[PDB]
file target23.txt (compact mmCIF, C-alpha atoms)
# COMPACT_ATOMS: atom_id res chain seq x y z
CA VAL A 36 0.00 0.00 0.00
CA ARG A 37 2.98 2.36 -0.34
CA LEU A 38 3.36 4.08 -3.69
CA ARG A 39 6.39 5.82 -5.24
CA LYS A 40 6.01 9.55 -5.81
CA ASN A 41 6.92 9.63 -9.47
CA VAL A 42 5.13 6.42 -10.47
CA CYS A 43 1.66 6.31 -12.01
CA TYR A 44 -0.32 3.21 -10.88
CA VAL A 45 -3.48 2.40 -12.82
CA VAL A 46 -6.26 -0.13 -12.24
CA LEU A 47 -8.68 -1.25 -15.04
CA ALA A 48 -11.76 -3.44 -14.87
CA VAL A 49 -12.83 -5.82 -17.56
CA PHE A 50 -16.38 -7.09 -17.03
CA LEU A 51 -17.56 -9.85 -19.33
CA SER A 52 -21.03 -11.15 -18.45
CA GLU A 53 -22.66 -14.55 -18.90
CA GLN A 54 -24.37 -12.91 -21.92
CA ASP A 55 -20.92 -12.06 -23.46
CA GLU A 56 -21.39 -8.34 -22.77
CA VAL A 57 -18.64 -5.89 -21.77
CA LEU A 58 -19.15 -2.88 -19.48
CA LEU A 59 -17.90 0.25 -21.05
CA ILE A 60 -17.83 3.83 -20.12
CA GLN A 61 -18.23 6.92 -22.20
CA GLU A 62 -15.47 9.32 -21.27
CA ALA A 63 -16.24 12.77 -20.02
CA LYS A 64 -12.45 13.67 -19.78
CA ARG A 65 -11.50 16.59 -22.01
CA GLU A 66 -8.56 14.63 -23.41
CA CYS A 67 -10.73 11.92 -25.08
CA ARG A 68 -14.25 13.32 -24.77
CA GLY A 69 -17.01 10.99 -25.87
CA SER A 70 -14.73 8.11 -26.71
CA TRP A 71 -15.49 4.72 -25.12
CA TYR A 72 -13.27 2.77 -22.74
CA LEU A 73 -13.31 0.39 -19.77
CA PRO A 74 -13.56 1.61 -16.17
CA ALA A 75 -10.12 2.72 -15.18
CA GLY A 76 -8.03 5.24 -13.29
CA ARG A 77 -5.16 6.10 -10.94
CA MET A 78 -4.56 4.54 -7.52
CA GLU A 79 -4.39 6.95 -4.57
CA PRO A 80 -2.08 6.56 -1.60
CA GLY A 81 -3.64 4.71 1.33
CA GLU A 82 -5.86 2.53 -0.84
CA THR A 83 -5.30 -1.16 -1.57
CA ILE A 84 -5.12 -2.10 -5.26
CA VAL A 85 -8.63 -3.70 -5.09
CA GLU A 86 -10.05 -0.60 -3.22
CA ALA A 87 -8.82 1.53 -6.14
CA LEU A 88 -10.43 -0.77 -8.67
CA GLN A 89 -13.78 -0.69 -6.78
CA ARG A 90 -13.68 3.09 -6.38
CA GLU A 91 -13.04 3.69 -10.11
CA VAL A 92 -15.84 1.26 -11.04
CA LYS A 93 -18.23 2.97 -8.64
CA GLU A 94 -17.26 6.52 -9.78
CA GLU A 95 -17.46 5.72 -13.48
CA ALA A 96 -20.07 3.00 -13.76
CA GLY A 97 -22.03 3.21 -10.46
CA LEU A 98 -21.60 -0.48 -9.66
CA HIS A 99 -20.19 -2.46 -6.73
CA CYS A 100 -17.72 -5.16 -7.78
CA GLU A 101 -15.25 -7.84 -6.78
CA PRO A 102 -12.14 -8.96 -8.67
CA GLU A 103 -12.16 -12.52 -10.15
CA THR A 104 -8.61 -12.57 -11.42
CA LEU A 105 -5.74 -10.45 -12.55
CA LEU A 106 -5.76 -10.81 -16.27
CA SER A 107 -2.74 -8.72 -17.18
CA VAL A 108 -0.08 -6.49 -15.58
CA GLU A 109 1.53 -3.98 -17.94
CA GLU A 110 4.29 -1.43 -17.68
CA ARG A 111 5.04 1.51 -19.96
CA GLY A 112 8.53 2.31 -18.73
CA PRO A 113 9.35 2.10 -15.02
CA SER A 114 7.05 5.06 -14.13
CA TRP A 115 3.69 3.67 -15.38
CA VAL A 116 2.01 0.46 -14.30
CA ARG A 117 -1.48 -0.98 -14.96
CA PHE A 118 -3.25 -3.79 -13.20
CA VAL A 119 -6.01 -5.21 -15.38
CA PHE A 120 -8.56 -7.20 -13.39
CA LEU A 121 -11.50 -9.27 -14.49
CA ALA A 122 -14.32 -8.09 -12.27
CA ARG A 123 -17.89 -8.99 -11.61
CA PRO A 124 -20.89 -6.94 -10.44
CA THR A 125 -22.01 -7.26 -6.82
CA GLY A 126 -24.52 -4.37 -6.43
CA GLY A 127 -24.87 -0.63 -7.03
CA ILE A 128 -26.86 1.04 -9.83
CA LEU A 129 -25.64 1.28 -13.37
CA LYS A 130 -24.72 4.92 -14.09
CA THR A 131 -26.66 5.89 -17.22
CA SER A 132 -26.92 9.04 -19.31
CA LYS A 133 -29.30 10.24 -16.65
CA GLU A 134 -26.23 10.78 -14.47
CA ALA A 135 -23.98 12.20 -17.08
CA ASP A 136 -21.16 14.22 -15.40
CA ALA A 137 -17.42 14.81 -15.17
CA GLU A 138 -16.67 11.32 -13.91
CA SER A 139 -18.38 9.72 -16.90
CA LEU A 140 -21.13 10.57 -19.47
CA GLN A 141 -22.65 7.08 -19.16
CA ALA A 142 -21.88 3.39 -18.53
CA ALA A 143 -23.33 0.72 -20.85
CA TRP A 144 -23.16 -3.02 -21.53
CA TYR A 145 -22.28 -3.88 -25.16
CA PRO A 146 -21.81 -7.21 -26.95
CA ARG A 147 -18.14 -8.19 -26.88
CA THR A 148 -18.69 -8.84 -30.63
CA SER A 149 -20.19 -5.46 -31.36
CA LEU A 150 -18.33 -2.85 -29.33
CA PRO A 151 -19.23 0.84 -29.53
CA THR A 152 -17.28 3.51 -31.45
CA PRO A 153 -15.11 5.50 -31.15
CA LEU A 154 -12.91 3.58 -28.72
CA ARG A 155 -10.44 5.65 -26.68
CA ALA A 156 -7.64 3.22 -27.53
CA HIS A 157 -7.53 -0.22 -29.09
CA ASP A 158 -5.52 -1.97 -26.36
CA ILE A 159 -8.75 -2.97 -24.60
CA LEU A 160 -9.57 -5.34 -27.51
CA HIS A 161 -6.81 -7.68 -26.37
CA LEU A 162 -7.82 -7.29 -22.66
CA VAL A 163 -11.36 -8.25 -23.58
CA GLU A 164 -10.05 -11.34 -25.44
CA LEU A 165 -8.18 -12.36 -22.30
CA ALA A 166 -11.48 -12.19 -20.44
CA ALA A 167 -13.24 -14.19 -23.18
CA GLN A 168 -10.56 -16.86 -22.94
CA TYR A 169 -10.80 -17.07 -19.13
CA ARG A 170 -14.60 -17.39 -19.38
CA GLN A 171 -14.33 -20.07 -22.14
CA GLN A 172 -11.94 -22.18 -20.03
CA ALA A 173 -14.18 -21.77 -16.95
CA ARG A 174 -17.20 -23.15 -18.79
CA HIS A 175 -15.18 -25.97 -20.43
CA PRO A 176 -13.24 -27.49 -17.44
CA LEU A 177 -12.73 -30.82 -19.28
CA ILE A 178 -12.91 -33.21 -16.38
CA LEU A 179 -12.71 -36.78 -17.59
call {"tool": "encode", "arguments": {"input": "target23.txt", "output": "structure tokens"}}
result
Amino acid sequence: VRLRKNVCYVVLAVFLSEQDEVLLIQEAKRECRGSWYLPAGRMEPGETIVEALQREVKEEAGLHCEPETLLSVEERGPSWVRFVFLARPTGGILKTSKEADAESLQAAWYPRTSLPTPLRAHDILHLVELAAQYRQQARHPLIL
């Protein structure tokens, strides 16, 4: 729970439902306004990694969640790190266009196979595939 001063630590949530839908958010940030991404943001000092994840999901999408696995850990140089969790919903209220504000314009569930446009960046396509693969394996355990 101690963070280095000149390091940026990011958490990102991939939700992939039993109906093969992904939870996306429509960015209110001026630097990518109206583009679509996954719930994500920067860890704050004093929070655990999973507390950060839950806060960002709640702020951006309105939902309560729990992590199911860590799907990917990425660095971009030594001063940027991202923890990409698979998460699942455990309560809260989906934050729709009714609540449009500076945290997010809306949150919405889209078919993994028919994602909205424009996407903020195309790295989440791979992160979503990781989730699809984990879900596939979980439903096909292959016990003889």
call {"tool": "atom_distance", "arguments": {"input": "target23.txt", "atom1": "atom CA of residue A:167", "atom2": "atom CA of residue A:121"}}
result
10.1 Å
call {"tool": "closest_residue", "arguments": {"input": "target23.txt", "among": "A:111, A:37, A:68, A:174", "to": "residue A:82", "atoms": "only C-alpha atoms"}}
result
A:37
call {"tool": "residues_near_point", "arguments": {"input": "target23.txt", "point": "(-21.3, -6.8, -27.9)", "cutoff": "10 Å", "atoms": "only C-alpha atoms", "output": "number ranges by chain"}}
result
A: 51, 54-58, 144-151
call {"tool": "atom_distance", "arguments": {"input": "target23.txt", "atom1": "atom CA of residue A:124", "atom2": "atom CA of residue A:90"}}
result
13.0 Å
call {"tool": "closest_residue", "arguments": {"input": "target23.txt", "among": "A:112, A:97, A:153, A:102", "to": "residue A:139", "atoms": "all atoms listed in the file"}}
result
A:97
call {"tool": "closest_residue", "arguments": {"input": "target23.txt", "among": "A:98, A:128, A:38, A:52", "to": "residue A:84", "atoms": "only C-alpha atoms"}}
result
A:38
call {"tool": "closest_residue", "arguments": {"input": "target23.txt", "among": "A:46, A:132, A:53, A:119", "to": "residue A:86", "atoms": "all atoms listed in the file"}}
result
A:46
call {"tool": "closest_residue", "arguments": {"input": "target23.txt", "among": "A:116, A:162, A:85, A:92", "to": "residue A:45", "atoms": "only C-alpha atoms"}}
result
A:116
call {"tool": "atom_distance", "arguments": {"input": "target23.txt", "atom1": "atom CA of residue A:95", "atom2": "atom CA of residue A:120"}}
result
15.7 Å
call {"tool": "closest_residue", "arguments": {"input": "target23.txt", "among": "A:87, A:140, A:78, A:60", "to": "residue A:152", "atoms": "only C-alpha atoms"}}
result
A:60
call {"tool": "residues_near_point", "arguments": {"input": "target23.txt", "point": "(7.5, 9.2, -14.5)", "cutoff": "9 Å", "atoms": "all atoms listed in the file", "output": "PyMOL selection string"}}
result
chain A and resi 40-43+112-115
call {"tool": "write_last_selection", "arguments": {"input": "target23.txt", "atoms": "C-alpha atoms", "output": "tab-separated table (two decimals), in the coordinates of the input"}}
result
chain	number	residue	atom	x	y	z
A	40	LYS	CA	6.01	9.55	-5.81
A	41	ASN	CA	6.92	9.63	-9.47
A	42	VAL	CA	5.13	6.42	-10.47
A	43	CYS	CA	1.66	6.31	-12.01
A	112	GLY	CA	8.53	2.31	-18.73
A	113	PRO	CA	9.35	2.10	-15.02
A	114	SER	CA	7.05	5.06	-14.13
A	115	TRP	CA	3.69	3.67	-15.38
call {"tool": "residues_around", "arguments": {"input": "target23.txt", "residues": "residue A:59", "least_positions_apart": "2", "cutoff": "7 Å", "atoms": "only C-alpha atoms", "output": "PyMOL selection string"}}
result
chain A and resi 57+61+71-74+142-144
call {"tool": "axis_aligned_box", "arguments": {"input": "target23.txt", "around": "stretch 49-56 of chain A", "padding_each_side": "5 Å", "output": "lines of an AutoDock Vina configuration file"}}
result
center_x = -18.6
center_y = -10.2
center_z = -20.2
size_x = 21.5
size_y = 18.7
size_z = 16.4
call {"tool": "residues_around", "arguments": {"input": "target23.txt", "residues": "residue A:75", "least_positions_apart": "4", "cutoff": "7 Å", "atoms": "only C-alpha atoms", "output": "count of residues only"}}
result
4
